[PDB]
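Only one chain comes next, encoded as structure tokens, the form deposited in one PDB entry.
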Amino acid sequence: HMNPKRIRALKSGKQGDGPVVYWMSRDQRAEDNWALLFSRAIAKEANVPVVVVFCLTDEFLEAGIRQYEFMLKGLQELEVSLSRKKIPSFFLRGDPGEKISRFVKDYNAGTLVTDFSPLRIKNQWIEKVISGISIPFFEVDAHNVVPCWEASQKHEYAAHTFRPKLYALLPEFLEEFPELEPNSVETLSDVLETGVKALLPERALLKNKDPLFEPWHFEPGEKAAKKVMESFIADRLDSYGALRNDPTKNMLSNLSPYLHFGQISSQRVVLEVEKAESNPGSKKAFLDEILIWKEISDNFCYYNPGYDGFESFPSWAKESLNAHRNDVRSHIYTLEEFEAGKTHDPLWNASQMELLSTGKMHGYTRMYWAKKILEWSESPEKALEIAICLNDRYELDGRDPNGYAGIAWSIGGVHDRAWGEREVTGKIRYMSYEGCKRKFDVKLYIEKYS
């Protein structure tokens, strides 16, 4: 079950005498992981062990206790899963560019393998690691069903050009996973404690000093991810087609935090949803979201390295937004007023409070939320900066290609078309308070989140 098009050489070299090392980064799971499975196969043909290495950087300081604890509790459970497969795991601290190089030398590695991410910083680390090693280095796309570089060889302007190219390749690339074969040939607790202490003075607090974040909505880890997948199929999938854009209903999958950390495979989710007997419109709507919209977000970041900037917007949108730079805004809020939910719009404020208290804003209100940031900020650049700052600080699923592609759709028209013409926002598709009012029970959502 090993298609060669899932893997490519980052660097050629002379293979070594030691273990195959899988540098895990994006795909924090033992099951349904093409990068670990390929590493295990290479190790088996060479008659040597496989081992896993993960580098804990100082990036955590830029987000919060909420993401750091979600990731680390998962990693504690993963450490135990890999051990039942007699696969050892090593947890390094510091800059990957230096630390993965040094580990490959200190540990006498034969081959290095990593998983795939289109984000800049991963590419920076790979470049540094390449400069400091002499062994072969491969990349495996463990996150997408169709490998990103195979689905398309260029940036796609719309879902409607990407969709036929991806779907033509599903009969080949959508397949079951083989079982991971076991090997035959300081603590994370201390790291968690130290990290939580370092972040404690910047934690999200109410006026009484009691924390805003509520950790009981999504329990972390590979076993919990699977339980959420299974309850989506049993209890929420049937009504997904009708209710996915109603934020007063809990009818989304709730999978995004697990998908973001790679605690569950999207290919796995697609296999199970394809085989579920349920509402045909719901299945089609859901599969289009997890296949086309998710995988087109990797396409966007992979072929546009300025993906978090105004430069990445399409020309029609840059030309429209530029012409409206001098328009008076109805309101202007600072980062801190947006963050504390202190606008004049109670629907906007409630969306921000759902984000602060749960770490997961409903998908429909994320669109509305980001578009009002544009409408009530000094400039398009300040808008993009504020939405990215709050998305990445407070979403459990943030710092993700879906986030940059979703924010760029909302603010800059990426994967959209010119739609209407207004002051400030020009031809960027508009969404209104009264528009929401006639689609769902706006007052119920506001009451639920203060």
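Each form is matched to the other, and the largest set of C-alpha atoms that superpose within 1.5 Å is called the rigid core. One rule holds for the numbers: they count along the sequence shown, beginning at 1.
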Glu186 preceded by how many uncoordinated deposited residues after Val185: 10 or more
62 to 70 set against 386 to 394, stretch whose average Cα temperature factor tops the other in the entry: 62 to 70
Stretch exceeding the other in mean C-alpha B-factor - 426 to 434, 13 to 21: 13 to 21
Of the residues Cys148, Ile290, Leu119, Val104, the one carrying the largest Cα B-factor as recorded: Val104
Selection from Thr114, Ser189, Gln263, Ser297 [criterion: highest C-alpha temperature factor in the record]: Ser189
Third of the chain's Cα B-factor distribution that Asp308 belongs to, per the entry: lowest
Where the record places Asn33 (Cα B-factor, split into thirds across the chain): middle
Third of chain Cα B-factors occupied by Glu277: highest
CA B-factor ranking of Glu421, expressed as a third of its chain: middle
Record-listed C-alpha B factor of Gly94: chain third: highest
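Keep in mind that the form deposited in another entry is not shown, yet the notes after this line are about it.
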From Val228, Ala285, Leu119, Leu192, residue displaced between this form and the one not shown - CA threshold 2 Å or more, rigid core: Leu192
Core-superposed comparison between this form and the one not shown, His324 Cα displacement 2 Å or beyond: no
Displaced residue check between this form and the one not shown: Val270, CA, 2 Å or over, core reference: no
Core-aligned CA displacement of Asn208 at least 2 Å between this form and the one not shown: yes
Distance direction in that other deposited form for the C-alpha atoms of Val196 and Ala224, relative to the displayed form (3 angstroms or more): closer
Sense of the change in Cα distance from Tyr394 to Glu202 in that other deposited form - at least 3 Å versus the shown form: farther
